[PDB]
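Atoms within each ligand, like the ligands themselves, are counted from 1 in listed order. For the single chain, residues carry numbers from 1 onward in sequence order.
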Amino acid sequence: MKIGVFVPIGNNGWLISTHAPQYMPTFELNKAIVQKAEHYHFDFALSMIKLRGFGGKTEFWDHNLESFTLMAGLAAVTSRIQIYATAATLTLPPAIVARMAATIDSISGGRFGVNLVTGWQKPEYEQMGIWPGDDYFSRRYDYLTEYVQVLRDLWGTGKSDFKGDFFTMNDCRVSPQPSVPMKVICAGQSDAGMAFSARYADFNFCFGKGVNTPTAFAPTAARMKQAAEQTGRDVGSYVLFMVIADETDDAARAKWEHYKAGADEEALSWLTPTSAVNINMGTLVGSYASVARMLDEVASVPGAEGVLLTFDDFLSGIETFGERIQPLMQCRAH
Ligand SMILES: Cc1cc2nc3c(=O)[nH]c(=O)nc-3n(C[C@H](O)[C@H](O)[C@H](O)COP(=O)(O)O)c2cc1C
Ligand SMILES: COc1ccnc(OC)n1
């Protein structure tokens with residue numbers, strides 16, 4: 001099973017709590033995170049993009065770096081881990097993304113990939129008046145499809161003449177071309193989404209579900225595996241969890257309750273037994289060995305190729321995972 005880290009590109013990571021570690025997303029923090037991750041043989045790092053926050057006492061995700069520049073910087077200070085940036089396709093022309101990815105390919109030596117995102121919240125895009133109306137809700141995938149087609153032309157051959165409803169290319173050039181085949185990623189959960197993933201993505205990101213119910217996401221992995229049958233393409237699931245670990249189950253449970261107790265509820269309304277303190281993320285709470293066991297249970301779901309991990313505390317989380325969780329995991333004995 002592959003393991004990656006979901007790097008905090010917004011403040012306070014994935015906890016909306018006054019009891020959660022409070023920190024700003026800085027390059028040097030992310031640098032320290034990816035370098036630790038690389039040290040413990042994590043396979044990849046991924047940064048979302050978030051163009052607007054949810055306010056509140058903690059000002060959750062009001063401070064957010066830009067993904068392609070953050071990963072170009074992380075690329076220049078790592079050597080082995082895989083680096084994925086997220087392009088919000090409404091805000092960047094495909095030809096630019098294409099060139100940006102060639103560029104981070106050059107920095108990283110073939111370690112870069114791109115995570116293509118529709119955009120879901122209207123506020124992110126209306127705020128800068130580029131949201132294309134409510135037609136987009138059920139037509140993003142038609143848009144995304146033309147988009148990916150321009151990228152493939154440019155990475156593939158270095159030119160594109162694509163003519164569709166949304167883009168017009170007239171001998172568009174982009175060289176150099178990526179030194180390796182350019183990995184693309186998607187995180188659609190809908191039928192459209194999976195359909196897209198199966199055609200063009202190299203793996204699909206889905207959400208873990210429940211506290212301490214590791215294999216609860218299995219349906220969606222099964223659905224993603226079904227959608228992949230329809231294109232004959234090997235397109236695995238990579239599931240997002242928050243790990244809250246400790247030396248014992250009681251200890252870890254105590255951290256978890258502590259976080260949920262300090263919920264920033266003003267910030268939680270703007271968004272609107274799992275807790276919304278991590279946006280109802282799938283969470284594994286327990287001792288190092290409890291958590292190792294549950295991840296072993298994740299590696300055994302059909303479709304599951306890897307997990308994408310957040311922590312309550314990234315620097316110690318990545319360390320405890322490296323030192324105490326990983327080496328008890330069957331699925332990581334290589
Ligand atoms: C690991 C992961 C990362 C994601 N990153 C982003 C992101 O960076 N930006 C974003 O707008 N949405 C992001 N999403 C949300 C999805 O792109 C998507 O909108 C959602 O899961 C619903 O699926 P659909 O688009 O097929 O309806 C992410 C989802 C997952 C599982
Ligand atoms: C948990 O991370 C998530 C979840 C949902 N949507 C986004 O980005 C918009 N990020």
Proximity winner for atom 4 (C) of ligand 2, if only heavy atoms of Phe207, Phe6, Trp120 are counted: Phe207
Of the protein's non-hydrogen atoms, which lies at the shortest distance from atom 3 (C) of ligand 1, and what is that distance? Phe6 CZ, 3.6 Å
Going by atom types only, do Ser316 and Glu319 share a side-chain donor-acceptor pair under 3.5 Å? no
Quick look: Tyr238 vs ligand 1, heavy-atom contacts under 4.0 Å, and the answer is neither
Does atom 15 (C) of ligand 1 have a protein non-hydrogen atom under 4.0 Å from it? no
In the protein, what heavy atom is nearest to atom 19 (O) of ligand 1, and what distance, to one decimal place, separates them? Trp120 CB, 4.1 Å
Check ligand 2 against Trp14 and write out every atom of the ligand that is under 4.0 Å from a heavy-atom position of the residue. 1 (C), 2 (O)
Can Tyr259 and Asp312 be counted as having a side-chain donor-acceptor contact under 3.5 angstrom? yes
Determine, using ring centers only, whether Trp131 and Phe137 are less than 6.0 Å apart. yes
Please determine, by modelled atom types, if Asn278 and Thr283 share a side-chain donor-acceptor pair under 3.5 angstrom. yes
Would you say the ring centroid of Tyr238 lies under 6.0 angstrom from that of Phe205? yes
Tell me the protein heavy atom at minimum distance from atom 9 (N) of ligand 1, and give that distance in Å. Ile49 O, 3.4 Å
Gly188 heavy atoms within 4.0 Å reach ligand 1 at atoms 23 (O), 24 (P), 26 (O)
Considering heavy atoms of the protein only, find what lies nearest to atom 11 (O) of ligand 1 and give residue, atom and distance to 0.1 Å. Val117 CG1, 3.4 Å
If you take the centroid of each ring, where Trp contributes its six-membered ring, are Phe42 and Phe321 closer together than 6.0 Å? yes
Atom 26 (O) of ligand 1 within contact range, any protein heavy atom under 4.0 Å: yes
Would you mind checking which non-hydrogen protein atom is closest to atom 30 (C) of ligand 1, with the distance to 0.1 Å? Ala187 CB, 3.7 Å
Show your working on side chain to side chain donor-acceptor pair (under 3.5 Å) between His39 and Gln35 and close with a plain yes or no. CA-CA 6 Å; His39 181 72; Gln35 287 188 341; over 6 Å; no
Aromatic ring proximity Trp14/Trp61, centre distance under 6.0 Å: yes
Between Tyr84 and ligand 1, find which residue part has any heavy-atom pair under 4.0 Å and reply side chain, backbone, both or neither. neither
Can you confirm, on distance only, whether ligand 1 has an N/O atom lying under 3.5 Å from any N/O atom belonging to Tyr125? no
Need the ligand 2 atom indices (1-based, order shown) with element for anything under 4.0 Å from a heavy-atom of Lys50. 7 (C), 8 (O), 9 (C)
Check whether the side chains of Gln326 and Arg332 place a donor and an acceptor atom closer than 3.5 Å, and report yes or no. yes
Just which atoms of ligand 1 are under 4.0 Å from any heavy atom in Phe205? 1 (C), 31 (C)
Without hydrogens or angle criteria, can the side chains of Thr145 and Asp142 be said to hold a donor-acceptor pair below 3.5 Å? no
Among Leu92, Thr91, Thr89, whose side-chain contact (heavy atoms from CB on, under 4.5 Å) with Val97 holds? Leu92
Ring-ring centroid check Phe112 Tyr84, cutoff 6.0 Å: no
Return yes or no for this condition: an N or O of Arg140 is under 3.5 Å from an N or O of ligand 1. yes
Go through ligand 1 atom by atom and flag the ones less than 4.0 Å from a non-hydrogen atom of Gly193. 26 (O)
Using a strict 4.0 Å cut-off to heavy atoms of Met48, name the atoms of ligand 2 that fall inside it. 7 (C), 8 (O), 10 (N)
In the protein, which heavy atom is nearest to atom 1 (C) of ligand 1, and how far is it? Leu308 CD2, 3.3 Å
Closest heavy-atom approach to atom 23 (O) of ligand 1 among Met48, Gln189, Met281, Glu124 is made by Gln189
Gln121 to ligand 2: N or O pair under 3.5 Å? no
